[PDB]
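Shown below, as structure tokens, is a lone chain in the form deposited in one PDB entry; questions about how it binds or moves come after it.
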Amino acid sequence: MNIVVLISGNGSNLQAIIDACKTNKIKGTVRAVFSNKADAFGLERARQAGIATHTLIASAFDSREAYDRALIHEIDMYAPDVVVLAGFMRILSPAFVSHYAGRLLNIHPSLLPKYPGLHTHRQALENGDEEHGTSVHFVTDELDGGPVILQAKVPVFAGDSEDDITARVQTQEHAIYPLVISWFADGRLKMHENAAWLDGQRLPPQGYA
């Protein structure tokens, strides 16, 4: 089971995946880590875990398509069974998404469908939300960003600084992501007709409940 992870920053989620593979919780290996930021701490985490790293900087390419072509080419060299986005802050092209059909996973710091943008934790506070969270889903080129696989709930308290909305959700992310990937690794999770299927069971819009 070949796993290729895409990051842009710290890589705490990448670490959770690396740790899960190391303990065999996930019956596979992270073959390579791709970063679109030259100073991502995740590049160190990967290097320390003995994982090959590739850094593709936008400013280093002539066009958007040229970047995606290099990204697809280099990723495909690892024959990945699954491509997981773990904090990758680059908008993927429809062509890229299509190329990795039901092999592309992503974790969003929000209760999809909700705050499908940035500063999700910020909007959760403004709106005065009583509960926030994160969502793992399949990435597809449909009206909706693809079927949700698993969501983790987190309660918001009043004087919520910003953090432990931010760090409370991150704690949930480190648990649900490696679990969803282990499911995929075991062959229990599939993507059909823009819908997530766990053990032959179609999952609801909110993922597994």
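Residues carry their position along the shown sequence, with the first being 1.
Undergrad: Hey, which bit's got the bigger mean C-alpha B factor in the entry, 100-108 or 116-124?
TA: For C-alpha atoms only, the mean B-factor is higher in 116-124.
Undergrad: Quick check on the record: does 138-146 or 167-175 carry the larger mean Cα temperature factor?
TA: Per the PDB record, 138-146.
Undergrad: Out of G42, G28, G50, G159, which one has a C-alpha B factor higher than all the others in the entry?
TA: The C-alpha B-factor peaks, among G42, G28, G50, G159, at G159.
Undergrad: Whose C-alpha has the highest temperature factor in the PDB entry: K153, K37, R69, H54?
TA: Highest C-alpha B-factor among the listed options: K153.
Undergrad: For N2, return the chain-relative third of its C-alpha B-factor as stated in the PDB record: lowest, middle or highest.
TA: For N2, the deposited C-alpha B-factor lands in the lowest third.
Undergrad: Ranked by Cα temperature factor within the chain, is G187 in the lowest third, the middle third or the highest third?
TA: Its C-alpha B-factor belongs to the middle third of this chain's values.
Undergrad: Going by the recorded CA B-factors, say which third of the chain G87 sits in, lowest, middle or highest.
TA: For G87, whose C-alpha B-factor we compare with every modelled residue in the chain, the answer is the lowest third.
Undergrad: Looking at the C-alpha B-factor of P80, is it in the lowest, middle or highest third of its chain?
TA: Within its chain, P80 is a lowest-third residue by C-alpha B-factor, going by the deposited values.
Omitted from view is the form deposited with a small molecule bound, to which the following refers.
Undergrad: Report whether the minimum heavy atom distance between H137 and the small molecule in the bound PDB entry is within 4.5 Å.
TA: Output for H137 is yes: heavy atoms within 4.5 Å of the small molecule.
Undergrad: Check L118 for me: does it contact the small molecule in the bound PDB entry (non-hydrogen atoms, 4.5 angstroms)?
TA: Taking the distances in the bound PDB entry, the answer for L118 is yes, it comes within 4.5 Å of the small molecule.
Undergrad: Is it the case that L92, even though its partner is missing from this view, gets within 4.5 Å of the small molecule in the bound PDB entry, heavy atoms only?
TA: Yes.
Undergrad: Can you tell me whether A101 touches the small molecule? I mean in the bound PDB entry, with a 4.5 angstroms heavy atom cut-off.
TA: Answer no; every heavy atom of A101 is more than 4.5 Å from the small molecule in the bound PDB entry.
Undergrad: With the small molecule left out of view, which of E65, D164, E44, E142 would have a heavy atom within 4.5 Å of it in the bound PDB entry?
TA: Checking each option against the small molecule in the bound PDB entry, the one that comes within 4.5 Å is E142.
Undergrad: Go through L111, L85, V82, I75 and name the one with a heavy atom inside 4.5 Å of the small molecule in the bound PDB entry.
TA: None of the others qualify; the residue that does is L85.
Undergrad: Of the listed stretches (143-151, 25-33, 49-57, 178-186), which one has a non-hydrogen atom within 4.5 Å of the small molecule in the bound PDB entry?
TA: Among the listed stretches, the partner-contacting one is 143-151.
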